[PDB]
There are 2 protein chains.
Amino acid sequence: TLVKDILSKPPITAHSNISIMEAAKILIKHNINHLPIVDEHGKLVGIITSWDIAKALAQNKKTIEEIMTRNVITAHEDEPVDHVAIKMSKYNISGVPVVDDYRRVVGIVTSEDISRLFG
Amino acid sequence: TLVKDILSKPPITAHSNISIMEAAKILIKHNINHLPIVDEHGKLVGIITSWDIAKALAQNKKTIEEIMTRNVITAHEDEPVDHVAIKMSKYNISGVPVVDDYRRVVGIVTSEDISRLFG
Ligand SMILES: CSC[C@H]1O[C@@H](n2cnc3c(N)ncnc32)[C@H](O)[C@@H]1O
Ligand SMILES: CSC[C@H]1O[C@@H](n2cnc3c(N)ncnc32)[C@H](O)[C@@H]1O
Ligand SMILES: CSC[C@H]1O[C@@H](n2cnc3c(N)ncnc32)[C@H](O)[C@@H]1O
Ligand SMILES: CSC[C@H]1O[C@@H](n2cnc3c(N)ncnc32)[C@H](O)[C@@H]1O
């Protein structure tokens, strides 16, 4: 089955012009663990997850841009699911932003979603 | 295959008498996302993961005991692996403390480990 029909459906993103503590509220608010960071257009710059929030406390880092995993692993909306499953394990991550061909963010898949194909 | 032979091998735990920020350093130091919280004996009271650290910032919580998921899902050292895999998805968590029969902590399995049985 294709990623286009499993993914979380309007993405929640953030420009890097926000405080660590705001991001945290964002994550906690929607009950999410993955926050794609987008530029002014909407194109994909990096990814924050609760791990980064705890990195920020741990090393006294203060800005989103300082800690966002600058190089994000992503999925294409026509990329078969099974293949994304394999991808997240092999790289040990639980979520990928889904991108259109311009690196604009159209959604997100988490293992949380993949495990409704586990039954 | 049995959990006893996949698990991470001396556990890293913490009594709740530590600061959020220390826990974070603990997680970042060993490169872990799961911190079992133990009492004076060593028996299993709750679990902290980086998610809780971001909950702590989010709601201005200040103590480990305030935020540790008081009721932890665990695995037995003779519990077959496959079954623990199923357990973490169905409950959407990536790590379980492994317990002996007195609820003392003997190890931990993460999906990170299970995915070396994925090949
Ligand atoms: C974390 S489980 C709850 C849901 O949140 C979704 N999710 C996680 N991160 C995001 C995000 N940045 N935008 C939209 N949905 C998300 C996941 O795909 C899952 O369905
Ligand atoms: C696995 S957690 C360690 C790092 O993984 C990063 N991370 C989580 N998901 C992804 C992804 N899809 N691509 C790249 N890095 C990621 C987080 O920002 C964290 O710094
Ligand atoms: C998170 S991936 C790196 C390793 O850390 C292990 N790990 C995670 N949390 C703990 C812990 N509290 N004590 C010992 N090992 C851990 C995992 O089982 C994995 O092998
Ligand atoms: C899935 S993340 C949301 C909550 O899950 C908790 N959590 C993570 N692993 C476990 C586990 N093995 N048992 C119970 N709760 C857990 C974390 O402390 C967090 O508050």
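Going by Swiss-Prot, the residues shown for chain A are 388-506, listed in order.
Header lists the method as X-ray crystallography, 2.9 Å.
Here the Cβ of each residue, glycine as well, is placed from N, Cα and C on the backbone.
Annotated features in Swiss-Prot:
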- A:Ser395, A:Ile399, A:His421, A:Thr497, A:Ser498, A:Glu499, A:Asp500: S-methyl-5'-thioadenosine binding site (BINDING)
- A:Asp439, A:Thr456, A:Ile460, A:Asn479, A:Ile480, A:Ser481, A:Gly482: S-adenosyl-L-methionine binding site (BINDING)
- A:394-450: domain 'CBS 1' (DOMAIN)
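Of all residue pairs in the S-adenosyl-L-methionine-binding list (A:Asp439, A:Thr456, A:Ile460, A:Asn479, A:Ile480, A:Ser481, A:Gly482), the one with the greatest Cα separation is 16 Å apart. You'll find the Cα of A:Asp439 (S-adenosyl-L-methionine binding site) roughly 10 Å from the Cα of A:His421 (S-methyl-5'-thioadenosine binding site). Close to A:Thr497 (S-methyl-5'-thioadenosine binding site), meaning Cα to Cα within 10 A, are the following binding-site residues out of A:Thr456, A:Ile460, A:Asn479, A:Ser481: A:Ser481.
Counting residue by residue with DSSP, the domain 'CBS 1' (A:394-450) contains 20 helix, 16 strand, 21 coil.
In sequence order, the binding-site residues from A:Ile399, A:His421, A:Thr456, A:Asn479, A:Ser481, A:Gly482 that place a Cβ under 8 angstroms from a chain B Cβ are A:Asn479, A:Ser481. The CA atom of A:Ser498 (S-methyl-5'-thioadenosine binding site) is located 9 Å away from the CA atom of A:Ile480 (S-adenosyl-L-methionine binding site).
For the pair A:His421 (S-methyl-5'-thioadenosine binding site) and A:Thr456 (S-adenosyl-L-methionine binding site), the Cα-Cα distance reads 11 Å. Just so you know, of the binding-site residues A:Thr456, A:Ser498, the Cβ with the fewest other Cβ atoms around it within 10 Å is the one at A:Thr456. Screening the binding-site residues A:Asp439, A:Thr456, A:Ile460, A:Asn479, A:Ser481, A:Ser498 for a C-beta under 6 A from any atom of ligand 1 leaves none. Same-chain residues at least 6 positions away in sequence with a Cβ under 8 Å from that of A:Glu499 (S-methyl-5'-thioadenosine binding site) are, in sequence order, A:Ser481, A:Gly482. Per Cα geometry, A:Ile399 is the residue among the binding-site residues A:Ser395, A:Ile399, A:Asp500 nearest to A:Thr456 (S-adenosyl-L-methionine binding site). Nearest by CA distance to A:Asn479 (S-adenosyl-L-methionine binding site), out of the binding-site residues A:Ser395, A:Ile399, A:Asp500, is A:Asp500. The highest number of surrounding Cβ atoms within 10 Å, among the binding-site residues A:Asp439, A:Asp500, is found at A:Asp439.
In sequence order, A:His421, A:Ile434, A:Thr436, A:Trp438, A:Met475, A:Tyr478, A:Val483 are the same-chain residues whose CB sits within 8 A of the CB centroid of A:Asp439, A:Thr456, A:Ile460, A:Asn479, A:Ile480, A:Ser481, A:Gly482, the residues recorded for S-adenosyl-L-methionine being left out.
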